[PDB]
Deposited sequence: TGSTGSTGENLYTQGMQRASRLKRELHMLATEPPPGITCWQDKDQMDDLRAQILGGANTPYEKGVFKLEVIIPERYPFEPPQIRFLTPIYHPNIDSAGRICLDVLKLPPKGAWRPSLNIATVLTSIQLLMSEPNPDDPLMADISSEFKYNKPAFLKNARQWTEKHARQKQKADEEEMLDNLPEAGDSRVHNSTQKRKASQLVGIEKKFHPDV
């Protein structure tokens, strides 16, 4: 488990010195993603849980939303449907990725939901066939739980 420590040693330092815009992550780990501009999550602060498995970085981090969010690919429990969060061949995780990139991926997922990989079938359908209704609901959900 020497590799887990060396990874965390450098990643935490870099996450503290030059983190992705709108994203912070500090020692289990806590992460925060600020709601993006021109998204229904704007002006929302989303806390996340980041658990680093014993076999990191050979296994992907385990990340869930602590802050409730209204999203097609994120369930009520904060579970995230994202390929880089799962091992191959089904998933897309590899040691070339890290905490910063995975979080950026989650941030990108928030901006651009994937209707083809739904965890919330109801929210997913709304996103496809009634975008404004989805946006309206996501806004209210953000105002109610994310600020």
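- When the deposited sequence is numbered from 1, the segments without any C-alpha atom are 1-14, 42-47, 168-212.
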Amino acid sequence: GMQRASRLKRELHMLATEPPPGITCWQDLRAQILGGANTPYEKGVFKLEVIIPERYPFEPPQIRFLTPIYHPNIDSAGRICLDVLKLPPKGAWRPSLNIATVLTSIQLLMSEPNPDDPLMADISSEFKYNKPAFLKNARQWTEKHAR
From here on, numbers count along this sequence of modelled residues.
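- Of the two segments, 101-109 and 85-93, the one listed with the higher mean B-factor is 85-93 (C-alpha atoms only).
- When the modelled residues of the chain are ordered by C-alpha B-factor, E18 sits in the middle third.
- When the CA B factors of the chain's modelled residues are split into thirds, the value for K131 lands in the middle one.
- For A146, the recorded CA temperature factor ranks within the highest third of the chain's modelled residues.
- Per-chain ranking of the deposited C-alpha B factor places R64 in the middle third.
- When the modelled residues of the chain are ordered by their C-alpha B factor, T24 lands in the lowest third.
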